[PDB]
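Take a look at the structure set out below.
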Amino acid sequence: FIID
Amino acid sequence: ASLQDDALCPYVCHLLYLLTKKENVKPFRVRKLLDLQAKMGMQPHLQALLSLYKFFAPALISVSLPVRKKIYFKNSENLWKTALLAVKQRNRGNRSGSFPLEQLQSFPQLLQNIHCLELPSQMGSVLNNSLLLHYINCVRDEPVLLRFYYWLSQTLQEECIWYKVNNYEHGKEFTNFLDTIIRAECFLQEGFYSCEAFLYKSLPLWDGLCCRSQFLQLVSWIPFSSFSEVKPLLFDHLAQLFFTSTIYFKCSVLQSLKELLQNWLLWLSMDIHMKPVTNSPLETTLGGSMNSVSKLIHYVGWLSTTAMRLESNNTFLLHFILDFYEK
Amino acid sequence: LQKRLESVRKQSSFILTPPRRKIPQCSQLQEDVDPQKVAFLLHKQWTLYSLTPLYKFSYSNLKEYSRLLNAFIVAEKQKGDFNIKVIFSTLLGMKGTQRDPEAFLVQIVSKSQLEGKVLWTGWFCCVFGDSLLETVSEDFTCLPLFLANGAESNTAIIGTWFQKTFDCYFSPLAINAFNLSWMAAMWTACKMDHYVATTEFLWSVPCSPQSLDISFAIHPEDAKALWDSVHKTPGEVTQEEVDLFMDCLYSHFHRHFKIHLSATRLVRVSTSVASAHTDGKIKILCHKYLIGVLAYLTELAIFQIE
Amino acid sequence: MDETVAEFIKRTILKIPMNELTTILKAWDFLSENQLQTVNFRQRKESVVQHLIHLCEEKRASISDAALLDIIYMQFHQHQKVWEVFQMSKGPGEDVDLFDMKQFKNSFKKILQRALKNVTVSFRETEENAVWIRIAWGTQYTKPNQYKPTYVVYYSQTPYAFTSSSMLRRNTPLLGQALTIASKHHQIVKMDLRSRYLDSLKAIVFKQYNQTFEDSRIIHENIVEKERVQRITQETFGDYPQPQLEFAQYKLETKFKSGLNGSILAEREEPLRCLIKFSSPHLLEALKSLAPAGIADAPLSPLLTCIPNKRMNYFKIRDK
Amino acid sequence: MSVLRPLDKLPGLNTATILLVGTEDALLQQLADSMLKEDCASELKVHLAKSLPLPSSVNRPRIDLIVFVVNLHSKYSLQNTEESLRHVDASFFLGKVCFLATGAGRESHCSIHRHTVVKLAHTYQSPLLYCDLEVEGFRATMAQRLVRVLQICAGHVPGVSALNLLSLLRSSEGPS
Amino acid sequence: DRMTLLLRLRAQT
């Protein structure tokens, strides 16, 4: 769960 | 012909109101008063004169009128106010047709005309009038019973208890509507086909309270059917609530089933008498009705000897077991 | 009357829906079906109602019934000039079963004070409603389903007139949240080779004092590749195919947000075929699959009567 | 007196109700108080339109005086328009900035009269020195867009701004860089966060409003479960007051992988595209009640808890 | 271990219990508070549970009655109940398991079929009752109904046993 | 009245  | 004078026009139309018969309503007098409505507008002496013309002959007027609450004229007992204004005030300028249902005022008007009675505009007015309840007792027509099935099944479904937002005032009107049903089923001596269809869908959905006495009298006037059809729809869902609720419910089941044993045995006592049609012997039909009611009493007798073990010999249940075997 | 008795015992028992259903066929528009009439029926907002079957309805007494309806709805506005006029238009060729009665159209078209603007549209129909046809007589005309377009105050003053003439009663229609999942699975069972919309779902949380809505969008090419991995027996849509399709959509939501949407309540399904709502609001956006949705609405409209 | 700017004067009388009509005209402070008690406020509303248009004629109002009334009407009514946020960046080699209000009002006026020939610029200074800017967009010919204005909120020292959504999207790079030059910055970044409450969007960003502190017969067997599902919500959310956000669009391009199914999307390499929107008011204290309800897991996901922290609601999620 | 049996230890002296199994915590609490209003001659000890299997507790008494409060507006109450009746014994199903389907009064917003919980009760031999616990007048009829099941399952009456309760609560359709 | 308690616990046992 990373936000780009 | 005194309506050509405009100053006498409320004074003429009150004399036209009190002197009108069926033959006095004429279609050219419809035509002139619609022309006076178009010229000088809405006046209360002209609208009240056309209100009597719709009260006498509605077919001659193509212009519909409102039905609002108006006094229409001088009325409401003001004869002393008329005499005080009489000094100086407003003095300076074989028939094969049908009979209408609204002309039945009392009991002997239906006794003279029963062979010509028309159909109303709704089936909700059958429960309102007791004179229309005499018409259901002697007419065995098919579409007059199917349209009464199509109305009252929609009445019990939309306006029930658990489909609402828990209003106590609408539940009082639902209690007052069920008092009309239990007097109509007893006056007819057969239950309605809407009412046993509602209890097929409400006995899984009922818990044991919330107008218990109007629901246990609704099961009391159900007509006779086979024993194998009643027991998955009624007697399984009755016995889930019979052994588990209070003893005032346990006494009210056996008061309902002793009235169910009244109206089922009342129909079977005279079904032998009114049938000379079948040339076959009726001992298979009475023998098929023998095991339908002997398994009825042995089921409630199985309900009686099991609920005695639940409360462990109370006499208050034991008075109403022996009242069931009085029947 | 004896077939009226046998239709009660299916409703009195708990079973009323078959677990294995048929995929709906491609309804081709015939030459008897009017192309210029069915374009007016599309892209409209509709409110559903169920109705008991009518009495003394004839196909040649519509000229008298048009003059009685135009004399009454002007008078109901006067109790509370109007250049309005109703049109009783009959449609042909919509039926698939020959024992169904003829459907028709009720409009209110305003006159030309300078085609008029249509203010209200009523539509009586019976599409594949064969289970209620043998429970009525031959004098009765069986049109259970009703669709309305317009204000609710105009619906009640014309719905007063059907109570006092045809001896009937209108009831509000409601579709359960269990039955939205079957018609969402029927809309993902369709065949398409053209321009499509997005599959839209919406759930509501019941365990709140306020409202809580979740908008949820599925691409339909992604929905078709999700469907055929679940759908393994062709020709039939089973009980276990729909309940495993809803479970893998819930498990796709579960690994991201840790919120169980199976406790919630599905209220709006909007796909490329049509859009649905639980209180009777529908928006049909397709003409090839028109009568397949409308036979499913008459499949529910007989069940609220019986 | 022009008719088209006098139509906007009688429009804003029609757009205010009569209970707060005395609140706007006392803060407008252009008419004297003897004429406010002369006009009867208890009469018909169309007479209030007729009586106030004689007061605007004899006092000779202008296009800046009628746009001064539009700021006070949108200050007490902040609910009708949304507010997007702009993020300005401080350049390298800078330690302190030189700001002046007389240097701000002329540099923002000359940057809009040069680009377009019909731009209406009106200013109003409020409490704790916040400038409130109306821009009416005219293109090349007409008197500008009076019915659809555009508002810029700027607090005179912050690099953060609250700009409303205009219906002309082609002037939105022109409005952003014009605030960048006049406030001595070198980079404008449109940050993706929007709501309908301006008082809640200044609470979630500036973070000065969020924290204000200085029988044995009904016994549960779930001792390990009952205070476990609420201890995560007290160490993250708590019973403290929170700002209001009602919208969050979640663009998912994620895949499907689970240990329960072994034949459902086991050969798919293509991404499952999705978009998930939330449409419910007060969402930050609406999601905290699902965890004692038992319909959500006590390890709550960090995407729903980083919303006052990471300072946006538009998220893009990648998962295998 | 993590198994459940209705007969391992002693009940006590005039003391019974009930295991309220459900997903809603505010709906089953009002059912637990309404059973203490109707007085009786036995000490009531209401246990609240989330989902089976339970954690291994050693201060638990003998269990007389396990009710499964499912919701008709929720599939999460049904899927936890399907995992709940896997870890049970067959001696629970001799008249000691009752079902409660809440949400039966609202037939417009329902989220599972009525035939599904009948088919769940037909293959598992359990009685099925319908009630709506949102009404306080309907809940006191329900809280009366949980006591008189618990008088049978604890053995407080002579002659009626726990498998006598299973024979009275049978459900079968008509063979004609 | 303890004899009803003895008879009720005897029937329960």
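Please note that chains go A, B, ... in the order of the structure tokens, that every chain numbers its residues from 1, and that ligands are numbered from 1 in the order shown.
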
Show me a table, sorted first by chain and then by increasing residue number, of the residues of chain E having an atom at most 12 Å from chain C, each with its shortest atom pair and the distance in Å to one decimal, counting only C-alpha atoms and written as JSON lines.
{"residue": "E:23", "atom": "CA", "partner": "C:263", "partner_atom": "CA", "distance": 9.2}
{"residue": "E:24", "atom": "CA", "partner": "C:207", "partner_atom": "CA", "distance": 8.7}
{"residue": "E:25", "atom": "CA", "partner": "C:207", "partner_atom": "CA", "distance": 10.1}
{"residue": "E:26", "atom": "CA", "partner": "C:207", "partner_atom": "CA", "distance": 9.1}
{"residue": "E:27", "atom": "CA", "partner": "C:207", "partner_atom": "CA", "distance": 10.0}
{"residue": "E:70", "atom": "CA", "partner": "C:263", "partner_atom": "CA", "distance": 10.9}
{"residue": "E:71", "atom": "CA", "partner": "C:263", "partner_atom": "CA", "distance": 8.7}
{"residue": "E:72", "atom": "CA", "partner": "C:178", "partner_atom": "CA", "distance": 9.5}
{"residue": "E:73", "atom": "CA", "partner": "C:265", "partner_atom": "CA", "distance": 6.9}
{"residue": "E:74", "atom": "CA", "partner": "C:263", "partner_atom": "CA", "distance": 4.2}
{"residue": "E:75", "atom": "CA", "partner": "C:262", "partner_atom": "CA", "distance": 4.9}
{"residue": "E:76", "atom": "CA", "partner": "C:263", "partner_atom": "CA", "distance": 4.9}
{"residue": "E:77", "atom": "CA", "partner": "C:263", "partner_atom": "CA", "distance": 7.1}
{"residue": "E:78", "atom": "CA", "partner": "C:263", "partner_atom": "CA", "distance": 9.3}
{"residue": "E:79", "atom": "CA", "partner": "C:262", "partner_atom": "CA", "distance": 9.0}
{"residue": "E:80", "atom": "CA", "partner": "C:263", "partner_atom": "CA", "distance": 10.9}
{"residue": "E:103", "atom": "CA", "partner": "C:206", "partner_atom": "CA", "distance": 11.7}
{"residue": "E:106", "atom": "CA", "partner": "C:176", "partner_atom": "CA", "distance": 9.6}
{"residue": "E:107", "atom": "CA", "partner": "C:176", "partner_atom": "CA", "distance": 7.1}
{"residue": "E:108", "atom": "CA", "partner": "C:176", "partner_atom": "CA", "distance": 5.2}
{"residue": "E:109", "atom": "CA", "partner": "C:176", "partner_atom": "CA", "distance": 5.0}
{"residue": "E:110", "atom": "CA", "partner": "C:176", "partner_atom": "CA", "distance": 5.2}
{"residue": "E:111", "atom": "CA", "partner": "C:178", "partner_atom": "CA", "distance": 4.2}
{"residue": "E:112", "atom": "CA", "partner": "C:178", "partner_atom": "CA", "distance": 5.2}
{"residue": "E:113", "atom": "CA", "partner": "C:178", "partner_atom": "CA", "distance": 6.8}
{"residue": "E:114", "atom": "CA", "partner": "C:14", "partner_atom": "CA", "distance": 6.6}
{"residue": "E:115", "atom": "CA", "partner": "C:14", "partner_atom": "CA", "distance": 5.1}
{"residue": "E:116", "atom": "CA", "partner": "C:14", "partner_atom": "CA", "distance": 8.9}
{"residue": "E:117", "atom": "CA", "partner": "C:14", "partner_atom": "CA", "distance": 9.8}
{"residue": "E:118", "atom": "CA", "partner": "C:14", "partner_atom": "CA", "distance": 7.6}
{"residue": "E:119", "atom": "CA", "partner": "C:14", "partner_atom": "CA", "distance": 9.4}
{"residue": "E:171", "atom": "CA", "partner": "C:13", "partner_atom": "CA", "distance": 11.9}
{"residue": "E:172", "atom": "CA", "partner": "C:13", "partner_atom": "CA", "distance": 10.9}
{"residue": "E:173", "atom": "CA", "partner": "C:13", "partner_atom": "CA", "distance": 8.4}
{"residue": "E:174", "atom": "CA", "partner": "C:13", "partner_atom": "CA", "distance": 10.3}
{"residue": "E:176", "atom": "CA", "partner": "C:9", "partner_atom": "CA", "distance": 11.8}

Hey, can you spit out that residue selection with C-alpha atoms as a short mmCIF file (atom, residue, chain, number, x, y, z; two decimals), in the first residue's frame?
data_model
loop_
_atom_site.label_atom_id
_atom_site.label_comp_id
_atom_site.auth_asym_id
_atom_site.auth_seq_id
_atom_site.Cartn_x
_atom_site.Cartn_y
_atom_site.Cartn_z
CA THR E 23 -22.92 -10.05 15.16
CA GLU E 24 -24.87 -6.98 16.31
CA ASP E 25 -23.84 -5.67 19.72
CA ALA E 26 -26.60 -3.09 20.25
CA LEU E 27 -29.43 -5.35 19.08
CA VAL E 70 -29.20 -14.10 12.48
CA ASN E 71 -30.17 -10.97 10.56
CA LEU E 72 -32.31 -11.08 7.43
CA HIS E 73 -30.83 -7.71 6.37
CA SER E 74 -27.24 -8.99 6.61
CA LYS E 75 -25.21 -11.75 4.99
CA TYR E 76 -22.45 -11.29 7.61
CA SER E 77 -24.76 -12.72 10.28
CA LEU E 78 -25.39 -15.74 8.04
CA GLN E 79 -21.77 -16.46 7.03
CA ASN E 80 -20.59 -16.36 10.64
CA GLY E 103 -35.76 -8.15 10.28
CA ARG E 106 -39.58 -5.24 6.82
CA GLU E 107 -40.23 -7.06 3.53
CA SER E 108 -38.98 -4.14 1.40
CA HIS E 109 -35.29 -3.89 2.43
CA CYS E 110 -34.52 -7.55 3.15
CA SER E 111 -31.18 -9.02 2.11
CA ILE E 112 -31.50 -12.84 2.31
CA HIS E 113 -34.29 -15.21 1.26
CA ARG E 114 -36.91 -16.61 3.63
CA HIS E 115 -36.51 -20.09 2.06
CA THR E 116 -32.75 -20.11 2.84
CA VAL E 117 -33.16 -20.13 6.63
CA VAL E 118 -35.95 -22.72 6.28
CA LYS E 119 -33.56 -24.95 4.28
CA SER E 171 -42.08 -28.55 10.91
CA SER E 172 -43.11 -30.62 7.89
CA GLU E 173 -45.08 -29.81 4.76
CA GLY E 174 -48.29 -31.64 3.85
CA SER E 176 -51.01 -34.49 -0.16
#

Could you produce a table of the residues of chain D lying within 7 Å of chain A, with the nearest pair of atoms per residue and their separation in Å rounded to one decimal, using only C-alpha atoms, ordered by chain and increasing residue number, as a tab-separated table?
residue	atom	partner	partner_atom	distance
D:315	CA	A:3	CA	6.5
D:316	CA	A:3	CA	5.7
D:317	CA	A:3	CA	6.0
D:318	CA	A:1	CA	6.6
D:319	CA	A:1	CA	6.8

Inset, instruction - Just list the residues in segment 93-187 of chain B DSSP gives alpha helix (DSSP H) on the backbone, as number ranges by chain. - result: B: 108-112, 133-136, 143-158, 168-187

Contact table chain C vs chain A, cut-off 12 Å, shortest pair per residue, only C-alpha atoms, as JSON lines:
{"residue": "C:255", "atom": "CA", "partner": "A:1", "partner_atom": "CA", "distance": 11.1}
{"residue": "C:256", "atom": "CA", "partner": "A:1", "partner_atom": "CA", "distance": 8.8}
{"residue": "C:257", "atom": "CA", "partner": "A:1", "partner_atom": "CA", "distance": 11.0}

Legend entry - Within 8 Å of segment 39-50 of chain E using only C-alpha atoms, minus same-chain residues under 5 positions, as number ranges by chain: D: 216-222; E: 14-23, 32

Expected file: the selected residues, N, CA, C and O atoms, as a PDB file, in the first residue's frame:
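Result saved to result19.pdb:
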ATOM      1  N   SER D 216     -23.448  -9.587  37.632  1.00  0.00           N
ATOM      2  CA  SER D 216     -22.718 -10.619  36.910  1.00  0.00           C
ATOM      3  C   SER D 216     -23.635 -11.460  36.030  1.00  0.00           C
ATOM      4  O   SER D 216     -23.322 -12.621  35.744  1.00  0.00           O
ATOM      5  N   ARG D 217     -24.763 -10.898  35.603  1.00  0.00           N
ATOM      6  CA  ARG D 217     -25.752 -11.601  34.802  1.00  0.00           C
ATOM      7  C   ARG D 217     -25.771 -11.131  33.354  1.00  0.00           C
ATOM      8  O   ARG D 217     -26.419 -11.764  32.515  1.00  0.00           O
ATOM      9  N   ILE D 218     -25.076 -10.036  33.046  1.00  0.00           N
ATOM     10  CA  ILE D 218     -24.958  -9.511  31.691  1.00  0.00           C
ATOM     11  C   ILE D 218     -23.489  -9.529  31.284  1.00  0.00           C
ATOM     12  O   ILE D 218     -23.056  -8.750  30.425  1.00  0.00           O
ATOM     13  N   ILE D 219     -22.725 -10.444  31.882  1.00  0.00           N
ATOM     14  CA  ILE D 219     -21.275 -10.492  31.716  1.00  0.00           C
ATOM     15  C   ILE D 219     -20.932 -11.113  30.361  1.00  0.00           C
ATOM     16  O   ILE D 219     -21.614 -12.025  29.874  1.00  0.00           O
ATOM     17  N   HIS D 220     -19.929 -10.544  29.697  1.00  0.00           N
ATOM     18  CA  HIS D 220     -19.442 -11.043  28.422  1.00  0.00           C
ATOM     19  C   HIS D 220     -18.364 -12.099  28.637  1.00  0.00           C
ATOM     20  O   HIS D 220     -17.637 -12.090  29.633  1.00  0.00           O
ATOM     21  N   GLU D 221     -18.263 -13.015  27.675  1.00  0.00           N
ATOM     22  CA  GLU D 221     -17.131 -13.923  27.594  1.00  0.00           C
ATOM     23  C   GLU D 221     -16.036 -13.402  26.675  1.00  0.00           C
ATOM     24  O   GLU D 221     -14.946 -13.985  26.640  1.00  0.00           O
ATOM     25  N   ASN D 222     -16.296 -12.324  25.943  1.00  0.00           N
ATOM     26  CA  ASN D 222     -15.317 -11.725  25.041  1.00  0.00           C
ATOM     27  C   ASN D 222     -14.562 -10.600  25.747  1.00  0.00           C
ATOM     28  O   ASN D 222     -14.740  -9.416  25.467  1.00  0.00           O
TER      29      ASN D 222
ATOM     30  N   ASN E  14     -30.328 -24.489  40.829  1.00  0.00           N
ATOM     31  CA  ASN E  14     -31.331 -23.591  40.247  1.00  0.00           C
ATOM     32  C   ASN E  14     -30.666 -22.426  39.514  1.00  0.00           C
ATOM     33  O   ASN E  14     -30.964 -21.254  39.772  1.00  0.00           O
ATOM     34  N   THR E  15     -29.743 -22.744  38.606  1.00  0.00           N
ATOM     35  CA  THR E  15     -29.031 -21.730  37.836  1.00  0.00           C
ATOM     36  C   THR E  15     -28.810 -22.207  36.406  1.00  0.00           C
ATOM     37  O   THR E  15     -28.137 -23.218  36.182  1.00  0.00           O
ATOM     38  N   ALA E  16     -29.369 -21.488  35.435  1.00  0.00           N
ATOM     39  CA  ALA E  16     -29.224 -21.817  34.024  1.00  0.00           C
ATOM     40  C   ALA E  16     -28.582 -20.639  33.298  1.00  0.00           C
ATOM     41  O   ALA E  16     -28.317 -19.587  33.887  1.00  0.00           O
ATOM     42  N   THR E  17     -28.332 -20.816  32.001  1.00  0.00           N
ATOM     43  CA  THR E  17     -27.670 -19.779  31.220  1.00  0.00           C
ATOM     44  C   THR E  17     -28.172 -19.827  29.785  1.00  0.00           C
ATOM     45  O   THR E  17     -28.927 -20.730  29.417  1.00  0.00           O
ATOM     46  N   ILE E  18     -27.751 -18.847  28.988  1.00  0.00           N
ATOM     47  CA  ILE E  18     -28.110 -18.751  27.579  1.00  0.00           C
ATOM     48  C   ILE E  18     -26.943 -18.105  26.831  1.00  0.00           C
ATOM     49  O   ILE E  18     -26.331 -17.149  27.322  1.00  0.00           O
ATOM     50  N   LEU E  19     -26.575 -18.683  25.684  1.00  0.00           N
ATOM     51  CA  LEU E  19     -25.462 -18.177  24.882  1.00  0.00           C
ATOM     52  C   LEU E  19     -26.031 -17.419  23.686  1.00  0.00           C
ATOM     53  O   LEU E  19     -26.403 -17.994  22.662  1.00  0.00           O
ATOM     54  N   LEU E  20     -26.098 -16.095  23.830  1.00  0.00           N
ATOM     55  CA  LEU E  20     -26.538 -15.220  22.749  1.00  0.00           C
ATOM     56  C   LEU E  20     -25.444 -15.070  21.699  1.00  0.00           C
ATOM     57  O   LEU E  20     -24.432 -14.402  21.939  1.00  0.00           O
ATOM     58  N   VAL E  21     -25.640 -15.684  20.536  1.00  0.00           N
ATOM     59  CA  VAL E  21     -24.672 -15.647  19.447  1.00  0.00           C
ATOM     60  C   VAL E  21     -25.196 -14.717  18.363  1.00  0.00           C
ATOM     61  O   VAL E  21     -26.288 -14.933  17.824  1.00  0.00           O
ATOM     62  N   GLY E  22     -24.423 -13.684  18.045  1.00  0.00           N
ATOM     63  CA  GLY E  22     -24.819 -12.749  17.014  1.00  0.00           C
ATOM     64  C   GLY E  22     -23.678 -11.812  16.674  1.00  0.00           C
ATOM     65  O   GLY E  22     -22.635 -11.806  17.332  1.00  0.00           O
ATOM     66  N   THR E  23     -23.900 -11.019  15.626  1.00  0.00           N
ATOM     67  CA  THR E  23     -22.920 -10.047  15.158  1.00  0.00           C
ATOM     68  C   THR E  23     -23.220  -8.637  15.652  1.00  0.00           C
ATOM     69  O   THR E  23     -22.296  -7.853  15.885  1.00  0.00           O
ATOM     70  N   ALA E  32     -30.939  -8.816  25.824  1.00  0.00           N
ATOM     71  CA  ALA E  32     -30.382  -9.305  27.082  1.00  0.00           C
ATOM     72  C   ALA E  32     -30.913  -8.515  28.272  1.00  0.00           C
ATOM     73  O   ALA E  32     -31.027  -9.052  29.379  1.00  0.00           O
TER      74      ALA E  32
END

Inset, instruction - Hey, list the chain B side of the contact with chain C: 7 Å cut-off, only C-alpha atoms, answer as a ChimeraX atom specification. - result: /B:64,66,121-122,150-151,200-201

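Using only C-alpha atoms, the nearest neighbour of residue 239 of chain D within the list D:311, D:185, D:288, D:143 is D:288.
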
Inset, instruction - Identify every residue of chain D that has at least one atom within 7 Å of any atom of chain C, counting only C-alpha atoms, and report the result as a PyMOL selection string. - result: chain D and resi 256+264-265+272-280+295-297+300-301

Output C-alpha atoms for every residue in the selection just made, as a PDB file, in the first residue's frame.
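File written: result-v3.pdb
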ATOM      1  CA  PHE D 256      -7.130 -10.052  -7.180  1.00  0.00           C
ATOM      2  CA  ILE D 264     -10.933 -17.600  -9.624  1.00  0.00           C
ATOM      3  CA  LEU D 265      -8.645 -15.218 -11.608  1.00  0.00           C
ATOM      4  CA  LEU D 272      -8.783  -4.708 -12.449  1.00  0.00           C
ATOM      5  CA  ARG D 273      -9.528  -0.993 -12.749  1.00  0.00           C
ATOM      6  CA  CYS D 274     -11.908   0.538 -10.194  1.00  0.00           C
ATOM      7  CA  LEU D 275     -12.983   3.870  -8.752  1.00  0.00           C
ATOM      8  CA  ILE D 276     -14.493   4.092  -5.261  1.00  0.00           C
ATOM      9  CA  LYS D 277     -16.176   7.313  -4.110  1.00  0.00           C
ATOM     10  CA  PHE D 278     -17.528   8.089  -0.640  1.00  0.00           C
ATOM     11  CA  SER D 279     -20.648  10.294  -0.517  1.00  0.00           C
ATOM     12  CA  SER D 280     -21.651  10.757   3.138  1.00  0.00           C
ATOM     13  CA  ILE D 295     -18.895  -5.330  11.105  1.00  0.00           C
ATOM     14  CA  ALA D 296     -15.270  -4.230  10.592  1.00  0.00           C
ATOM     15  CA  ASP D 297     -11.885  -5.584  11.608  1.00  0.00           C
ATOM     16  CA  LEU D 300      -8.251  -0.986  10.444  1.00  0.00           C
ATOM     17  CA  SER D 301      -6.616  -0.058   7.133  1.00  0.00           C
TER      18      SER D 301
END

Legend entry - Straight-line distance linking atom CA of residue 8 of chain F with atom CA of residue 166 of chain E, stated in Å to one decimal: 24.1 Å

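Between atom CA of residue 134 of chain C and atom CA of residue 101 of chain C lies a distance of 12.7 Å.
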
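Atom CA of residue 187 of chain C to atom CA of residue 148 of chain C spans 23.4 Å [interatomic distance, one decimal].
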
Inset, instruction - Give the strand (DSSP E) residues of segment 74-277 of chain D, as DSSP finds them on the backbone, and put them as a ChimeraX atom specification. - result: /D:83-89,119-122,131-137,150-154,160-164,187-195,247-252,274-277
